[PDB]
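Shown next, in structure tokens, is the structure this report addresses.
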Amino acid sequence: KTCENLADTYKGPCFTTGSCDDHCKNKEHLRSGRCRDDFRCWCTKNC
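Numbering (mature numbering (1 follows the signal peptide of the UniProt record, and there is no 0)), first residue to last: 1 to 47.
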């Protein structure tokens with residue numbers, strides 16, 4: 001029951017999920033962040 005959208009202010013590949021995770025929480029103000037195989041960050045959010 002969670003939604004997951006692209007981190008918009010995240011330009012670049014995910015080299016460390018921790019960084020991406022941090023980004024989705026701080027910058028996107030969401031729940032967490034998970035990196036895709038395509039290296040882009042999809043931020044898991046609550047809905």
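Ideal placement from N, C-alpha and C gives every residue a C-beta, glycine not left out.
For a test of the three-state rule: what should DSSP assign to residue 44, helix, strand or coil?
strand
Starting from residue 18, follow the alpha helix (DSSP H) in both directions and report where the run begins and ends.
17 to 26
What would DSSP say about residue 6, mapped onto helix, strand or coil?
strand
Please tell me whether residue 41 and residue 47 are closer than 8 Å, where the distance is taken between their beta carbons.
Not a contact, by the Cβ cut-off of 8 Å.
For residue 21, count neighbouring Cβ atoms within 10 angstroms of its own Cβ and tell me buried if that reaches 16, exposed if not.
Residue 21 comes out buried.
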